[PDB]
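Step one of this worksheet: look at the structure below.
Atoms considered below: every heavy atom in the structure, side chains included; atoms not considered: hydrogens, waters and symmetry mates. Below, read A as the first sequence line, B as the second, and so on, with proteins coming before strands; counting in each chain starts at 1.
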Amino acid sequence: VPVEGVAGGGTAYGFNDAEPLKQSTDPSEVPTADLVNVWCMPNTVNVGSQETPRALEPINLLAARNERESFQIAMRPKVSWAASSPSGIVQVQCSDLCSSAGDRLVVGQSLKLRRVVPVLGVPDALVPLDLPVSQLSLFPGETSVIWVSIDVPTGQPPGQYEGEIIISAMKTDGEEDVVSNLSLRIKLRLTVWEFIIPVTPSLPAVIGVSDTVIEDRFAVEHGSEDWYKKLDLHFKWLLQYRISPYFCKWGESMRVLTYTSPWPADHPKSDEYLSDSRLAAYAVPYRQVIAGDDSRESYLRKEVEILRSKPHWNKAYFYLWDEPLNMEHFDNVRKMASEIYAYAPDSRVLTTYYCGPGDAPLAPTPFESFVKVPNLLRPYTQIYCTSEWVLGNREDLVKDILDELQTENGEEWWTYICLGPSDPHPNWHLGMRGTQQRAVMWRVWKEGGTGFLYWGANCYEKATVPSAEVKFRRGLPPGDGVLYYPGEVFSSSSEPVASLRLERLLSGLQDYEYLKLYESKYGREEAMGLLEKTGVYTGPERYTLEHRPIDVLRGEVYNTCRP
Amino acid sequence: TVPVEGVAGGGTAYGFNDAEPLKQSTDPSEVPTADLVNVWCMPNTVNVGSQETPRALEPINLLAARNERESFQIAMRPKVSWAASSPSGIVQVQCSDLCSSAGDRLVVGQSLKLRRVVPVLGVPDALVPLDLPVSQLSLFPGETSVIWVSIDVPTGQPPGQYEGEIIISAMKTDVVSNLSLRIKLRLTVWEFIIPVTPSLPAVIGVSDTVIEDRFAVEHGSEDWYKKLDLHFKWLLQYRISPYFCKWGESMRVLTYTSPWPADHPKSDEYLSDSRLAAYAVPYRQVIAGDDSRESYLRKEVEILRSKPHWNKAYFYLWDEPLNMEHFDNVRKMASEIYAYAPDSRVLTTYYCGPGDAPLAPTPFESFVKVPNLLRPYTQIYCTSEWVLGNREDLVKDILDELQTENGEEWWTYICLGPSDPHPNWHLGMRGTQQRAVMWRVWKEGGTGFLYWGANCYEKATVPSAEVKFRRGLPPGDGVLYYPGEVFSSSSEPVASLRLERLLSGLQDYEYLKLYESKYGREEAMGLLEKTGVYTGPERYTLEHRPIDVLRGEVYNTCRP
Ligand SMILES: CC1=N[C@@H]2[C@@H](O)[C@@H](O)[C@@H](CO)O[C@@H]2S1
Ligand SMILES: CC1=N[C@@H]2[C@@H](O)[C@@H](O)[C@@H](CO)O[C@@H]2S1
Ligand SMILES: [Cl-]
C-alpha cells in the first residue's frame, strides 16, 4: 500500500480490503456468510463487543458422561441487510447430535443455547434462547455471542456425536422454512468417552443462599407456602452446578443460621433433599427455621435424633459462626458445639475464619495466631475452613496450617474466597478473565483441602421486586457473593440466570474430577506434574491465559485413563 | 569353512561369523535401525531370557476368536552402540491400529497393549506397561530385551483379516522415518465367541491382610473399599472369579468376593457381572457391626437367596482340615448355614483325611474316603492335585465316592505341590508348563479349580516395597501379580507371565469344550494328545507349534 493510499484514499487506505463485499445486501440472494462474520470461541474467553473476527472452522469437543461441555459462537455484521433497523436479524437453529450407532444428544435436554449479556459492562449473564429455533438482533459495530452447552447423561453411550447449528440472515417485514443454500452451517463433533464423572461430587463445595434476599426480592414471607416453593426452586436449580447449597441468615456478631432443607426432618421433603445423590453435604440448623412452640434445645434434640438414624447422616454439618474475631466468639462455638455433641458425638462442626482472637493472640504475629486456631478450638470444630487470602501467594505455608490439624481423627482443612484475594489471583469478581475464574478450583485441587465454601450466590443489594435492577453491595468488589441472577430481570421466566463465573466454577469442578482420576491411576506427584507441565496452573499468580493448555490436560487424561 | 589358523590368522575359530559386515557409521540419523539392532518375534509360551540368540525377522500371523486375548513377544538385541556415551542406546516403539479390508479397526487404547518383560529373581516374569502409542526403551550391551504384545478382541468384533505394524526406531540422543524398522502383524478374527461367562469357575484368593499392610489401608475404611474395588475390577479380565481371604485359628477362612453388604448397590454390580462365574459369601462379618454373627448371616443370605445370581454363590469355610476336630467344625458350620438356605454350596479344600482318626489303613485311601465323612455338609470337594502324583487313572477312585447326581462337584487345586516336571506356577517353570495347568484340568474333567493366593508376598508396609517371597514355599507359589508401584508410579497391578498363561489356558479350555460339543469327548481327548499338546502330567509340548496345530484344527472344523 503506497504512502498516498490505494487510489489516492490517503495514509493507510486499503491495507486489506478483506475480499470485496457483494454489492447486494438482500438476504434472499446473498449467503449469510457475506453478510455476517461468524466464528467460534473457547469457553474460557469473556468475548467483548469489540472482539475481532476469525475464520470459521469446525468445533471438536470432548466430554465424559455426567459432564457439561461448552463453547461460544460470535457474530459481527459486515453490512445492513435490514436498511431500516440495522444491522438485521439472524435465525439460529440447532439439531440433535447423532453417533454412528444411532444414539442421540437431544435439543432441550442435553443441548442448550443462551445469549451472553454484559453486566456492568462485562460479559456475564447467560439468558435462554428458544429451542430449537430462535432469532437474534445484530447491531452495527458490535460482536454478539451465544453460549452453547451440552449436558451428557450419566448413562450416555460413548461414541463420536455429530451435528450442525444453522445461522440464517432473515428479511424482516420488507410461511417457508428460512434454511437454504444461503444459510451458514457450523459443524459440531463431540467425543463421549468412557469416564463417568461421579454422581456425588468428590469435593463438597458448599455455597450459601441469602434467605432474606429471597424474602424481599420475591415478596415471600418466611414460613409461608410461597416461601417454601421459592426455596425449592432455587435448591433444585443449583444442584446442577456440582455444589451443595445452604440457605443462610446472619445474626448477632455474625452467628449464622444455615440450613440446606427448610423442611422439618420429619417431613418427606427432608429426605428427598438430603438423600439426593448430587448433594455432597448439607447444613443442619442450630435454631428453628420456622417459629415453633418448643425451646431450641428441645427442637435440636429431636431434629438430630431423626437425622442421625438416616443413611445420609454422614453428609451433615453444622455451620454456627461466620468468622469469629475474638475470644468470646471462639468460646461461643465450643459451647454450641458441645450441646450438639451431647445428642450425637460424631456431628461435624464447620467454622470459617481468617484470624485468631484479636483480644488474646495465640502467638506474637497475626499469621502465627491464625495457624494455632485449631489448638484453641479442638475438639469442638471438625472442618477448619480458612480464608485463602491469608496465605497471599505462599502456597508453601499450606504445610504450616496442616501441621496443626489431626487428619487421623476426622479433622479436615477447607478454604474459602471472598473480597480477597484480588487480581491477579483466582476469584469471581466481575472483570476477572475466564481462566482466572476457572483457576479457583485448580488452586483448590493443587493445595489439597478436602472441601470449599463460598459465602453467597445471590447476595445483591436489597430490592422488593423480582425484575428490579441488580445492584451490587457497597464496599465489596462487584460480583463477590453473586453467582446467579433473577430470571425475571432478563425475561419472564422464574428460572435463575447463571453467570459465566458459575459456569467456570462448574468447569473447574469437572477439572478437579479429571485430575482426581489421573491421580488415582498415576499418583500425586504425576498429577501435580501434569497440572504444571501443561501450563494450566503453576501458582496463585501464574496460570494459563489461554484455552489450549486446558485441552492438552483433559486430552492426556483421556489418552491414559480409559479402562 | 575356516582354517586351523583362522581367517587372516585371527587364531582358532576366528571368522565363523556369516553375519554380513556392519556399517562403519553408528549415527542413527543416517543408519537403518535394522543395522544397529537385531529384532525378531517369539511365541507367547517362551520365557525369553537375556541371552536368547537373534533370529531372522518374519511376519506375525495370529488367530483369535471374539472375546479372546492373543499375544506374541518382540525381542531386541543391540549390535553396536548408537549412543556412544550411554550404551547401547534408546529405541522408540510406536504401534498403530489394525485394519481389515472392510475398514474395521482394532484400536491402540482398547485392544492392542505393549508391556516390557522384567525379570523377578532372575526369571522373565513381570509385565510392566509402556506408554501408548509411542514409548521409549533403553537397550544395554550383550542383552536381549523383550516386549509383550497383547491384542484383546471385543466380544462384538467383525470377523476378518486385520493388518498393521509396529515400528521400532533407534534414537539420536515422533522420530519415525525411512530408517525405522517395521514389523508386520496379520490377525485373523474368526466366528467363535468365547463365552462371556467362563465355562470353568477358576476361583482365586487375594489376601486382605496383604492389601491392608502394604497399602496402609485400615480394614473397613473408605480407602480400603477403594483398594479392594481396584483389585476386583482388574482381576476379572483374567477369566477368574476372585475372593478376598483372611485366615483364622487352625486355618478357618473368612472368604468374600464382595466387601459390600448385599443390599448395597455395589454388591449387585459385582455379583451379577457376567464374567464372574462363582462368588464367595462370608460366614461372619467382614466389617464389625452391632448384630451378633447368626443374625448378620441370616439377614445377608435372605437378601442373596432372592437374587438372580445366587446359583453362583459358595461358602469356603476351612482351608485343609487335618484332624477330626477340623472336619467336625466344618459340619457344624455348614449346618448353621443350611438352616437359612438348604441349597447353599459349601466348598472344602483338602489333601488328607483326619490324621488322628484315619478313615482307612493308608493315607491315600483315607483321603479318597473324605466325602463319606463330610457328606452332606460339603457340596464342592476341592482336592489337592499333588496327591495323585502322575496317576491320572486314580481320578476314578475319587469320583466313585462322590454323588454327582446330587450336586456334589469335584474341583482341584495346586500349590507348593506338585513340583517339576508337573504343571504349576513356580518361578523358573517353562511357559508351556504354566499353560499345561489348564490342559490337565480339562482332561481330568473336574468342574472347577481353586488357587489359594495371588498376592501372597511376605509382609511389607509401603506400596513400592521390595517383593519378597515367603519362606518354605517355592517362589511364585501364591503370587500371580505384583504391585504396580514397585515398577512405576501406577496403582494398576502388574501381571506375571504366569497369570497370562493361566488366561491362555482358560481360553484353550473353551476351544476344547467347543470341539467336544461337536465331535464328542473321545475325539476331543484324541485331539489334545495327537497334536502333542498334552499326553499326561509329565508329558506335554515343550514348544509352541502343537498349540497352534490344535487351535488351527478347531478353527478349520468348527468354523460354522
Ligand atoms: C466466610 C466469609 N465470611 C465473610 C462474609 O460474611 C462476607 O463478609 C464476605 C464478603 O466478601 O467475606 C467473608 S467470606
Ligand atoms: C488350598 C490350599 N491350602 C494351602 C494354603 O493355605 C497354602 O499353605 C499353600 C502353600 O502352597 O498350600 C495349600 S493350597
Ligand atoms: Cl470364520
- Residues of residues 190-204 of chain A contacting chain B, heavy-atom criterion under 4.5 Å, by residue number: A:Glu194
- B:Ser489 side chain to A:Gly523 main-chain N or O, any donor-acceptor pair under 3.5 Å? no
- If you draw a 6.0 Å radius around CD in B:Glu222, do more than 12 non-hydrogen atoms from other residues or ligands fall strictly inside? no
- Item | Qualifying residues under salt bridge (charged side-chain N to carboxylate O under 4.0 Å, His left out), relative to B:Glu485, sequence neighbours excluded | none
- Kindly check if the number of other-residue, nucleotide or ligand heavy atoms within 6.0 Å of CG (B:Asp290) is above 12? no
- If you take all heavy atoms of B:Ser491 and A:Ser520, which pair is closest and at what distance? OG-O, 2.7 Å
- CD of A:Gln406: more than 12 outside heavy atoms within 6.0 angstrom? yes
- Residue-level interface, residues 550-562 of chain A with chain B, non-hydrogen cut-off under 4.5 Å: A:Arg562
- Message: Taking atom NZ as the centre, does A:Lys236 end up with more than 12 heavy-atom neighbours from other residues, nucleotides or ligands that are less than 6.0 angstrom away?
- Response: yes
- Just by distance, do the side chain of B:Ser490 and the backbone of A:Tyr522 share a donor-acceptor pair under 3.5 Å? no
- Close contacts, residues 103-110 of chain B versus chain A, judged by heavy atoms under 4.5 Å: B:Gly109, B:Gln110
